[PDB]
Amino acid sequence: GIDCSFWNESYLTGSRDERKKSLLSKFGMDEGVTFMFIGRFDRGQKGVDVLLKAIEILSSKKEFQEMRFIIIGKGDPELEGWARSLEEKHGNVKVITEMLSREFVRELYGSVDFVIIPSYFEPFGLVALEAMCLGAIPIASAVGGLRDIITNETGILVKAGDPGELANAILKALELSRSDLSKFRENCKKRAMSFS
């Protein structure tokens, strides 16, 4: 079950636009549509590999410049090395290889546009609900609990393990109007609150 006493936007200062601008400026980036990943870096569970492949696919496109990526998690030295390499290659990629407190995570969810949950294995998907409670729009693998939580009114579902499909979904998400973004956020919070 989700703790909506902790996971809500009451704890956050100012507006979403303000927070996102400040956040990105700390990473040396100007404003852009911001996608975040938070999870273990492994080969077949959380899907960081799928995300990194998707970033590589997108990087040859002009629209890539309008995207910002925040990639948080730890694990394999090879996977961390890969994430770090992309960070050095692309000025719109930030990688943070460590655990952050739930307070920090909460602030981040309330300060990005989308949270990417490219899981292969996700029995509970409590992460989707937490992100949704804070107005972050999920782009997620259609697996386990994520299937139950995420709807067409609240986010984007993709086939697990498919970097191409993910890249397509990210481009689709980038193109959404502010009005559509706003409706998604409203539905996200409503749905997350309904999970009580």
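Residue positions are given as counts along the sequence shown, with the first one as 1.
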item: Higher-scoring stretch by recorded Cα B factor average, 138-146 or 63-71; value: 138-146
item: Which of 3-11 and 186-194 has higher mean CA B factor, as the PDB entry lists it; value: 186-194
item: Most elevated Cα B-factor in the entry, residues 107, 122, 80, 98; value: 122
item: B-factor third for the C-alpha atom of residue 165 within its chain; value: middle
item: CA B-factor ranking of residue 127, expressed as a third of its chain; value: highest
item: Ranked against its chain, the third holding the CA B-factor of residue 19; value: lowest
item: CA B-factor ranking of residue 33, expressed as a third of its chain; value: lowest
item: Chain thirds of CA B-factor: placement of residue 157; value: highest
